[PDB]
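J.: This is the content of my_file20.txt (compact mmCIF, C-alpha atoms):
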```
# COMPACT_ATOMS: atom_id res chain seq x y z
CA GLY Q 1 0.00 0.00 0.00
CA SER Q 2 2.30 2.74 1.32
CA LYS Q 3 5.25 1.08 -0.44
CA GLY Q 4 3.46 1.37 -3.80
CA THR Q 5 3.81 -2.15 -5.26
CA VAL Q 6 7.41 -3.30 -4.68
CA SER Q 7 8.99 -6.36 -6.33
CA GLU Q 8 12.48 -7.88 -6.61
CA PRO Q 9 14.36 -9.47 -9.65
CA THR Q 10 13.89 -13.22 -10.19
CA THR Q 11 16.95 -15.43 -10.85
CA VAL Q 12 16.72 -18.86 -12.51
CA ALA Q 13 19.70 -21.15 -13.22
CA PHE Q 14 19.95 -23.57 -16.17
CA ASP Q 15 22.34 -26.10 -17.76
CA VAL Q 16 24.24 -25.42 -20.98
CA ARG Q 17 24.67 -28.67 -22.88
CA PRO Q 18 27.28 -28.65 -25.82
CA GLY Q 19 27.38 -31.06 -28.78
CA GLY Q 20 26.42 -28.86 -31.78
CA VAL Q 21 22.73 -29.06 -30.78
CA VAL Q 22 20.49 -25.96 -30.84
CA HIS Q 23 18.61 -25.42 -27.55
CA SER Q 24 15.94 -22.94 -26.48
CA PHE Q 25 15.17 -21.50 -23.04
CA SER Q 26 12.50 -19.11 -21.73
CA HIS Q 27 11.01 -17.62 -18.56
CA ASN Q 28 7.83 -15.73 -17.56
CA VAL Q 29 7.75 -13.06 -14.81
CA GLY Q 30 4.67 -11.48 -13.19
CA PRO Q 31 0.91 -12.55 -13.41
CA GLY Q 32 -0.56 -13.19 -16.88
CA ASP Q 33 2.96 -13.93 -18.25
CA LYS Q 34 3.17 -10.26 -19.33
CA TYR Q 35 6.98 -10.44 -19.57
CA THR Q 36 8.70 -13.25 -21.47
CA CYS Q 37 12.45 -13.57 -22.18
CA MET Q 38 13.69 -16.28 -24.55
CA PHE Q 39 17.29 -17.37 -25.14
CA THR Q 40 18.22 -19.83 -27.93
CA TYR Q 41 21.81 -20.79 -28.84
CA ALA Q 42 24.05 -23.46 -30.42
CA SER Q 43 27.47 -24.38 -28.98
CA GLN Q 44 30.18 -27.00 -29.56
CA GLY Q 45 31.98 -28.95 -26.80
CA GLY Q 46 31.79 -31.83 -24.29
CA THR Q 47 31.53 -29.91 -20.97
CA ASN Q 48 28.35 -28.71 -19.19
CA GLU Q 49 28.16 -25.18 -17.74
CA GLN Q 50 25.71 -23.58 -15.32
CA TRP Q 51 24.47 -20.14 -16.40
CA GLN Q 52 22.56 -17.65 -14.27
CA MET Q 53 19.72 -15.53 -15.65
CA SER Q 54 17.86 -12.69 -13.89
CA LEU Q 55 14.69 -10.80 -14.88
CA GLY Q 56 13.60 -7.39 -13.53
CA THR Q 57 10.58 -5.08 -13.99
CA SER Q 58 9.74 -1.43 -13.22
CA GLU Q 59 7.27 -0.24 -10.59
CA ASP Q 60 4.78 0.92 -13.23
CA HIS Q 61 5.48 -2.24 -15.30
CA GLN Q 62 6.69 0.08 -18.10
CA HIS Q 63 10.27 -1.29 -18.32
CA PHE Q 64 11.91 -4.70 -17.79
CA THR Q 65 15.36 -6.28 -18.27
CA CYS Q 66 16.72 -9.72 -19.17
CA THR Q 67 20.26 -10.52 -18.00
CA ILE Q 68 22.28 -13.72 -18.57
CA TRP Q 69 25.78 -14.10 -17.05
CA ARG Q 70 28.56 -16.62 -16.43
CA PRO Q 71 29.27 -17.26 -12.60
CA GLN Q 72 33.04 -17.51 -13.37
CA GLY Q 73 32.81 -14.59 -15.87
CA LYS Q 74 34.10 -16.64 -18.87
CA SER Q 75 32.69 -19.41 -21.08
CA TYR Q 76 34.94 -22.19 -22.39
CA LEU Q 77 32.08 -23.22 -24.74
CA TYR Q 78 32.50 -22.51 -28.45
CA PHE Q 79 29.51 -20.53 -29.72
CA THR Q 80 28.47 -20.98 -33.35
CA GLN Q 81 25.14 -19.09 -33.12
CA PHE Q 82 22.91 -17.31 -30.61
CA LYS Q 83 19.67 -15.33 -30.39
CA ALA Q 84 17.72 -13.43 -27.74
CA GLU Q 85 14.00 -12.83 -28.31
CA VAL Q 86 11.58 -11.15 -25.88
CA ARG Q 87 7.79 -10.69 -25.81
CA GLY Q 88 5.44 -8.26 -24.05
CA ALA Q 89 7.93 -5.37 -24.62
CA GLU Q 90 10.24 -3.79 -27.21
CA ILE Q 91 14.05 -3.93 -27.11
CA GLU Q 92 15.64 -0.50 -26.49
CA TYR Q 93 19.21 -1.50 -25.53
CA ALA Q 94 21.31 -4.67 -25.92
CA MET Q 95 24.94 -5.38 -24.98
CA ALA Q 96 27.25 -8.41 -24.76
CA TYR Q 97 30.72 -8.99 -23.24
CA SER Q 98 33.37 -11.32 -24.72
CA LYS Q 99 35.22 -11.59 -21.38
CA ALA Q 100 34.45 -10.35 -17.84
CA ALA Q 101 36.89 -8.24 -15.79
CA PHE Q 102 39.08 -10.14 -13.33
CA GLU Q 103 40.30 -7.88 -10.52
CA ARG Q 104 42.83 -5.56 -12.36
CA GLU Q 105 41.71 -6.75 -15.81
CA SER Q 106 39.02 -4.61 -17.47
CA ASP Q 107 35.82 -5.84 -19.15
CA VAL Q 108 35.86 -6.79 -22.85
CA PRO Q 109 32.55 -5.60 -24.58
CA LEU Q 110 31.50 -6.92 -28.01
CA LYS Q 111 31.43 -4.61 -31.03
CA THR Q 112 28.01 -3.61 -32.42
CA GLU Q 113 29.10 -4.89 -35.86
CA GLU Q 114 29.66 -8.38 -34.36
CA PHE Q 115 25.89 -8.71 -33.62
CA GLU Q 116 22.47 -7.58 -34.89
CA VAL Q 117 19.74 -5.97 -32.76
CA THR Q 118 16.14 -5.93 -34.07
CA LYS Q 119 12.97 -4.53 -32.46
CA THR Q 120 11.66 -8.12 -31.92
CA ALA Q 121 14.91 -10.11 -31.42
CA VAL Q 122 18.73 -9.97 -31.41
CA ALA Q 123 20.78 -12.33 -33.65
CA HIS Q 124 24.56 -12.66 -34.12
CA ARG Q 125 26.40 -11.35 -37.19
CA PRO Q 126 28.06 -14.18 -39.34
CA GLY Q 127 31.77 -13.82 -40.15
CA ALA Q 128 32.13 -11.23 -37.31
CA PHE Q 129 31.37 -13.11 -34.07
CA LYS Q 130 34.53 -14.48 -32.39
CA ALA Q 131 32.62 -17.44 -30.81
CA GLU Q 132 32.92 -15.86 -27.32
CA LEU Q 133 29.97 -15.22 -24.99
CA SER Q 134 30.13 -14.37 -21.25
CA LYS Q 135 27.43 -11.82 -20.31
CA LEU Q 136 24.28 -10.47 -22.03
CA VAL Q 137 22.14 -7.49 -20.94
CA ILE Q 138 18.78 -6.64 -22.57
CA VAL Q 139 16.62 -3.62 -21.63
CA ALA Q 140 13.08 -3.40 -23.04
CA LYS Q 141 10.04 -1.13 -22.60
CA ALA Q 142 6.57 -2.69 -22.19
CA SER Q 143 4.40 -2.06 -25.26
CA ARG Q 144 1.51 -3.74 -27.10
CA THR Q 145 0.32 -3.40 -30.70
CA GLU Q 146 -3.39 -3.56 -29.67
CA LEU Q 147 -4.28 -5.35 -32.94
```
Do you think you could lay out the structure here as structure tokens?

T.:
Amino acid sequence: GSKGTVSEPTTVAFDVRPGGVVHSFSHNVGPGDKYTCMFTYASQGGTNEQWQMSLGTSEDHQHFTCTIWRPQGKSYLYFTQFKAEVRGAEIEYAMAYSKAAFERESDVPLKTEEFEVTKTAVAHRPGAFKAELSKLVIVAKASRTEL
């Protein structure tokens, strides 16, 4: 009441399974599944990795974010393709990091040219991506076509 509707980000962990097989993941936050964040990717390797993903929404339910990160800050997996698609809102800002900062070492962000950002989904750029993925941040504003 006095607080004015207060909520906290939701974090869900999942397994990354290599082998050149395309996999899809998704999560719904809030009643009515108003906010949906989907993450589909294909990697090559023989080692499983646990990735953390967190979703957040604004007080007025006007803005939400979808963040995926590596607990160790780096991914040994070899990425051949990836895509992030969201529903219930439009993508305003997207960013990815090749390698996370370790103490003295600074962060290594990915060049815009290396990936493509569209109003409905974000897909990698072929011949530009270095096959490195560590952290993804997506910021979107709630909006509906209304038919």

J.: Just give me the gap between atom CA of residue 86 of chain Q and atom CA of residue 30 of chain Q in Å, one decimal is fine.

T.: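 Separation of atom CA of residue 86 of chain Q and atom CA of residue 30 of chain Q: 14.5 Å.
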
J.: Extract, using all atoms listed in the file, all DNA, RNA and protein residues at most 10 Å from segment 61-76 of chain Q, discarding same-chain residues fewer than 4 positions from it, and format them as JSON, numbers by chain.

T.: {"Q": [9, 11, 12, 13, 27, 29, 30, 34, 35, 36, 37, 38, 39, 44, 45, 47, 48, 49, 50, 51, 52, 53, 54, 55, 56, 57, 84, 86, 88, 89, 90, 91, 92, 93, 94, 95, 96, 97, 98, 99, 100, 101, 102, 107, 131, 132, 133, 134, 135, 136, 137, 138, 139, 140, 141, 142, 143]}

J.: Could you check which of Q:41, Q:23, Q:110, Q:28 is closest to residue 10 of chain Q, using all atoms listed in the file?

T.: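 Among the listed residues, the smallest separation from residue 10 of chain Q belongs to Q:28.
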
J.: What's the separation between atom CA of residue 58 of chain Q and atom CA of residue 124 of chain Q, in Å to one decimal place?

T.: 28.0 Å

J.: By how many Å are atom CA of residue 25 of chain Q and atom CA of residue 81 of chain Q apart?

T.: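 These two atoms are separated by 14.4 Å.
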
J.: Nearest to residue 19 of chain Q among Q:121, Q:6, Q:147, Q:77, with distances taken over only C-alpha atoms: which residue is it?

T.: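 Ranking Q:121, Q:6, Q:147, Q:77 by distance to residue 19 of chain Q, first place goes to Q:77.
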
J.: Quick one: segment 60-77 of chain Q with N, CA, C and O atoms, as a JSON list (two decimals), in the coordinates of the input?

T.:
```
[["chain", "number", "residue", "atom", "x", "y", "z"],
["Q", 60, "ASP", "N", 5.97, 0.70, -12.41],
["Q", 60, "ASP", "CA", 4.78, 0.92, -13.23],
["Q", 60, "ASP", "C", 4.65, -0.14, -14.33],
["Q", 60, "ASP", "O", 3.80, 0.00, -15.22],
["Q", 61, "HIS", "N", 5.50, -1.18, -14.28],
["Q", 61, "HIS", "CA", 5.48, -2.24, -15.30],
["Q", 61, "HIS", "C", 5.63, -1.64, -16.71],
["Q", 61, "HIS", "O", 5.03, -2.12, -17.68],
["Q", 62, "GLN", "N", 6.44, -0.58, -16.81],
["Q", 62, "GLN", "CA", 6.69, 0.08, -18.10],
["Q", 62, "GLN", "C", 8.02, -0.37, -18.71],
["Q", 62, "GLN", "O", 8.21, -0.27, -19.93],
["Q", 63, "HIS", "N", 8.94, -0.84, -17.86],
["Q", 63, "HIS", "CA", 10.27, -1.29, -18.32],
["Q", 63, "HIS", "C", 10.66, -2.59, -17.63],
["Q", 63, "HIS", "O", 10.37, -2.79, -16.45],
["Q", 64, "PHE", "N", 11.40, -3.45, -18.36],
["Q", 64, "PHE", "CA", 11.91, -4.70, -17.79],
["Q", 64, "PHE", "C", 13.26, -5.04, -18.43],
["Q", 64, "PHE", "O", 13.58, -4.54, -19.52],
["Q", 65, "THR", "N", 14.05, -5.88, -17.76],
["Q", 65, "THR", "CA", 15.36, -6.28, -18.27],
["Q", 65, "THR", "C", 15.56, -7.79, -18.20],
["Q", 65, "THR", "O", 15.03, -8.46, -17.31],
["Q", 66, "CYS", "N", 16.38, -8.30, -19.12],
["Q", 66, "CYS", "CA", 16.72, -9.72, -19.17],
["Q", 66, "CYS", "C", 18.23, -9.85, -19.20],
["Q", 66, "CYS", "O", 18.88, -9.39, -20.14],
["Q", 67, "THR", "N", 18.80, -10.42, -18.12],
["Q", 67, "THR", "CA", 20.26, -10.52, -18.00],
["Q", 67, "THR", "C", 20.71, -11.98, -17.83],
["Q", 67, "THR", "O", 20.24, -12.68, -16.95],
["Q", 68, "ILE", "N", 21.68, -12.38, -18.65],
["Q", 68, "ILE", "CA", 22.28, -13.72, -18.57],
["Q", 68, "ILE", "C", 23.78, -13.55, -18.35],
["Q", 68, "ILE", "O", 24.42, -12.79, -19.06],
["Q", 69, "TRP", "N", 24.34, -14.24, -17.34],
["Q", 69, "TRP", "CA", 25.78, -14.10, -17.05],
["Q", 69, "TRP", "C", 26.43, -15.42, -16.62],
["Q", 69, "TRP", "O", 25.77, -16.35, -16.15],
["Q", 70, "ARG", "N", 27.76, -15.47, -16.79],
["Q", 70, "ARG", "CA", 28.56, -16.62, -16.43],
["Q", 70, "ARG", "C", 29.10, -16.46, -14.97],
["Q", 70, "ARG", "O", 29.77, -15.46, -14.69],
["Q", 71, "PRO", "N", 28.80, -17.39, -14.03],
["Q", 71, "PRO", "CA", 29.27, -17.26, -12.60],
["Q", 71, "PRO", "C", 30.78, -17.01, -12.50],
["Q", 71, "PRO", "O", 31.23, -16.19, -11.69],
["Q", 72, "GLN", "N", 31.57, -17.70, -13.35],
["Q", 72, "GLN", "CA", 33.04, -17.51, -13.37],
["Q", 72, "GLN", "C", 33.46, -16.30, -14.22],
["Q", 72, "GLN", "O", 34.59, -15.81, -14.08],
["Q", 73, "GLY", "N", 32.54, -15.79, -15.05],
["Q", 73, "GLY", "CA", 32.81, -14.59, -15.87],
["Q", 73, "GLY", "C", 33.31, -14.93, -17.29],
["Q", 73, "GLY", "O", 33.40, -14.04, -18.14],
["Q", 74, "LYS", "N", 33.62, -16.21, -17.54],
["Q", 74, "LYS", "CA", 34.10, -16.64, -18.87],
["Q", 74, "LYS", "C", 33.50, -17.98, -19.26],
["Q", 74, "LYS", "O", 33.27, -18.83, -18.40],
["Q", 75, "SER", "N", 33.26, -18.16, -20.57],
["Q", 75, "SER", "CA", 32.69, -19.41, -21.08],
["Q", 75, "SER", "C", 33.66, -20.13, -22.00],
["Q", 75, "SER", "O", 34.02, -19.62, -23.06],
["Q", 76, "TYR", "N", 34.05, -21.34, -21.59],
["Q", 76, "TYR", "CA", 34.94, -22.19, -22.39],
["Q", 76, "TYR", "C", 34.23, -22.71, -23.66],
["Q", 76, "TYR", "O", 34.89, -23.11, -24.62],
["Q", 77, "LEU", "N", 32.89, -22.72, -23.62],
["Q", 77, "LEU", "CA", 32.08, -23.22, -24.74],
["Q", 77, "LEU", "C", 32.36, -22.44, -26.01],
["Q", 77, "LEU", "O", 32.55, -21.22, -25.97]]
```
